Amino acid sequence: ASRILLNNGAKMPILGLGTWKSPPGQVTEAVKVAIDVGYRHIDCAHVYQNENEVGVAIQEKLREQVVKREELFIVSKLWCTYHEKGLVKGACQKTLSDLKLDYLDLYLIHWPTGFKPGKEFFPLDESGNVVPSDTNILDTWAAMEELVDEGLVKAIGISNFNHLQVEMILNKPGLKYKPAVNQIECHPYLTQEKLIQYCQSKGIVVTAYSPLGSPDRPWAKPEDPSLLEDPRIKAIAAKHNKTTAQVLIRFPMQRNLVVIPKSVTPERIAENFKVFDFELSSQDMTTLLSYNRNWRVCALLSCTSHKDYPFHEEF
């Protein structure tokens, strides 16, 4: 069952390709291979610094008539330095330009935290803390809504929002378009039951990022755990004649989540897609859920004093 119906009426493929850390000289081939082997959803962001190269791939596959534009589901994200209402459209248009698209299927507020505008993605002061902007979630949301009305994006959503921040938007005076998606970190070590149930209860689809535990994240430490090497998960994969990665990808799918594993390795791109031919039992699902440790690999530790930092709240 390969697409989920969003609250904007569009169908989103439940498996997509992640692109954070995909080197610019490797990501065009990664996305080409992905489309060839059946991916129809690509997760992008301006801050990843590789959208031009992602776009080359998409355009070549459209030109080759491997796929039609309406069959693709392209996602990107508004970076923190563009939260001011007057900057949102230009940020979207830069992403559209780089991706070689005339619309996005989904555009997310990447984080609830606005930063001072400028050339620096992470403008810093002396204490190691980010320089905020005096922007707020609701005004940025209104600017996102304008993108729908101007035809630049088919759906808007959020990422890394806690349930109180989602509630803020849902309670917005004059709300025109509800968020379609909340994209959050989710894997067996950070199972997210409370936030997922909240979002799903509101008709908001959850996308699970870092489903393999982001082993390539640049701040990984040698003592940190590794989902791909967890012998309990290895054992579940063996029972099914699948890889650990395949179990880690199938897991969120069975929770009615979208999942976006990243790879630049052609064999793994193909492996990661081969997750529609097996099912985890309910007992296996509950067992995987039992591995939760509240272990977050993307904690945005330079922004813990920002007024809108999302991870002080329980969920």
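Only the largest set of C-alpha atoms that superpose within 1.5 Å between the two forms is called the rigid core. Just count from 1 along the sequence shown to find any residue number.
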{"property": "More variable segment, 212 to 220 or 123 to 131 [Cα RMS over structures in 4 other deposited structures of this protein, core-superposed]", "result": "123 to 131"}
{"property": "223 to 231 against 76 to 84 - segment lying farther from this form in 4 other deposited structures of this protein (CA RMS, rigid core fit)", "result": "223 to 231"}
{"property": "Selected stretch [higher average CA B-factor]: 84 to 92 or 234 to 242", "result": "234 to 242"}
{"property": "Per the entry, higher mean C-alpha B factor between 147 to 155 and 216 to 224", "result": "216 to 224"}
{"property": "Out of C298, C303, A10, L15, residue topping the C-alpha B-factor column of the entry", "result": "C303"}
{"property": "Selection by C-alpha B-factor (highest) of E229, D102, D98, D105", "result": "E229"}
{"property": "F273 - which third its CA temperature factor falls in, relative to the rest of the chain", "result": "middle"}
{"property": "CA B-factor ranking of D125, expressed as a third of its chain", "result": "highest"}
{"property": "Chain third (lowest, middle, highest) by recorded CA B-factor, residue given as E185", "result": "lowest"}
{"property": "B-factor third for the C-alpha atom of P112 within its chain", "result": "lowest"}
{"property": "Cα B factor band for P211 (lowest, middle or highest third within the chain)", "result": "lowest"}
